[PDB]
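Next up: just one chain, as structure tokens, the form deposited in one PDB entry.
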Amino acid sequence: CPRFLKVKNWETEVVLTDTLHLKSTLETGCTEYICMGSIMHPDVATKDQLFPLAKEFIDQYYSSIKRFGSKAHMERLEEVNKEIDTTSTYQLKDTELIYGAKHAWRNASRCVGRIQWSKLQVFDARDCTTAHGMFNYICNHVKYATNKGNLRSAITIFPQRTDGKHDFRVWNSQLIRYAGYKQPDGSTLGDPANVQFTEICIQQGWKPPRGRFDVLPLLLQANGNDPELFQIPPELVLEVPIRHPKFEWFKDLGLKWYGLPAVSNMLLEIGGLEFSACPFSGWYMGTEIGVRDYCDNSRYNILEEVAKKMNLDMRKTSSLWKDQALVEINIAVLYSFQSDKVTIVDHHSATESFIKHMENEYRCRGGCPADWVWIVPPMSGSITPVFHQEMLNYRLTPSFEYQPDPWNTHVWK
């Protein structure tokens, strides 16, 4: 691979030089003959697979603290090596755990919010042994991160994988999501995205209220055991009623959303160690709710209803009635969050911050891996600066990874 790759911004003429890509650790899925950049997704480590993975991370950590090659560096390498030799795994120091989590975020090529990567509260939950304990840790995370609306980014890290039959998993895809209910007539109530999971919860004993915005219970698996249900204390779940500054009728649509986006089904990989339960949270970019959650045809799908209330000509597509209503819905989401003083960022501010972030990273780090397909917001693409910015996508470690859904793999006891 060439040592220096250039990226250009076509609106500002700024050229950046990437050297960081040489540190790339795994496959994108592309080859020299095909690009899979728009494909969404293109038994434990042996002792021999683990050794170089840990060394690579340890070196990286000690290089970051300006102690590379020090006595403490070499001692730590020695102690890790002996641990792997005698136990076939190793345990991270708290310093290393914190460094690794922050860097997994810093490395997440699909995240537009990474300017914030160094301000991450890390909660070490590696002493957790039961599902009740996972619930306690999760409740504390939710309360801290919510902070009465002044949201603070955070991650809670549960014990790492051992033999793969004792995994800790949060079965929820996010800590807070709304239920979906398939009706006998084919219609869906609530969020169609969560139908499968909702069904699982109901089978496990959950009594469904069967409303349009029912917060799902936690389904929590500890140490490879069967998962257990828990209700999050409603006072810990901050929600925002969606209204519009001009359209008095908008509140009558009865929409609302939850304040805290908290992804809980990803796998955190550090120095070859696998943390299968690592729920993390930041705050929302408005479009995630106003465009995707609300306007996707396979989601709440509200465009028509809003358009009819806006008295739009909906007979031709070329009236852009869909686009017109889409903007108003997004205005409503930002207005409603700001008004209730719940942190949220619009797609202009967020993409402008990311450009500055990217430039700084190129300067101090020699690059910034970025997935343009994900970074460009789902509305108004080209009137945000990221649209015009060439990006290189590659995979650095530590990293957040996808993992199979737990009900697909769980061995029921």
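Shifts are known only where both forms have a C-alpha. Numbering starts at 1 and follows the sequence shown. Each form is matched to the other, and the largest set of C-alpha atoms that superpose within 1.5 Å is called the rigid core.
There is another form of the same protein, the form deposited in another entry; it is not shown, and what comes next is about it.
Just one of the listed positions, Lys148, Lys93, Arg292, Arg126, moves its Cα by at least 2 Å between the shown form and the other one when the rigid core is held fixed, and it is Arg292. Core-superposed comparison between the shown form and the other one: CA of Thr162 displaced by less than 2 Å. The Cα position of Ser339 differs by less than 2 Å between the shown form and the other one after fitting on the rigid core. For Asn136, a C-alpha deviation below 2 angstroms is recorded between the shown form and the other one after rigid-core alignment.
Here's the thing about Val291 and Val240: their CA atoms end up at least 3 Å closer in the other entry than they are in this form. A change of 3 Å or more separates the two forms for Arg177 and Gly290: their C-alpha atoms lie closer together in the other entry. After superposing on the rigid core, the one stretch of 3 or more consecutive residues whose C-alphas move by 2 Å or more between the shown form and the other one is 290-301.
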